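First to last, the protein sequences are chains B and A.
First residue of the first sequence? That's 1 in the entry's author numbering, and the numbers climb one at a time after it.
First residue of the second sequence? That's 1 in the entry's author numbering, and the numbers climb one at a time after it.
Every residue, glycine too, gets a C-beta built ideally from N, C-alpha and C.
Inspection log for the structure reproduced underneath, given as structure tokens.
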Amino acid sequence: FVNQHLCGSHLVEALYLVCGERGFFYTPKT
Amino acid sequence: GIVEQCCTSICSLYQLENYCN
């Protein structure tokens, strides 16, 4: 799932699955 | 940032993990 263009909800969902219990930060404005 | 690396170019696990806490 990771090795493609991931945008919007699709990117958030990838971060969720990869990061697991660590959680993550989503900062599209940088 | 993440959009440039993973949305407008092809994402990778290495780069995604840069955004895990």
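Residue B:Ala-14 holds the alpha-carbon nearest to the alpha-carbon of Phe-1 of chain B among B:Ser-9, B:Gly-20, B:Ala-14. DSSP places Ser-9 of chain B inside the alpha helix (DSSP H), whose first and last residues are 9 to 19.
Inclusion of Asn-21 of chain A and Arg-22 of chain B in the CB contact set at 7 angstroms is warranted, their separation being smaller than that value. Within its own chain, the residues whose Cβ lies closer than 7 angstroms to the Cβ of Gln-15 of chain A, once the five positions on either side in sequence are excluded, are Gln-5, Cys-6, listed in chain order. Secondary structure note for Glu-4 of chain A: it is in no alpha helix (DSSP H), with a DSSP letter that is neither H nor E.
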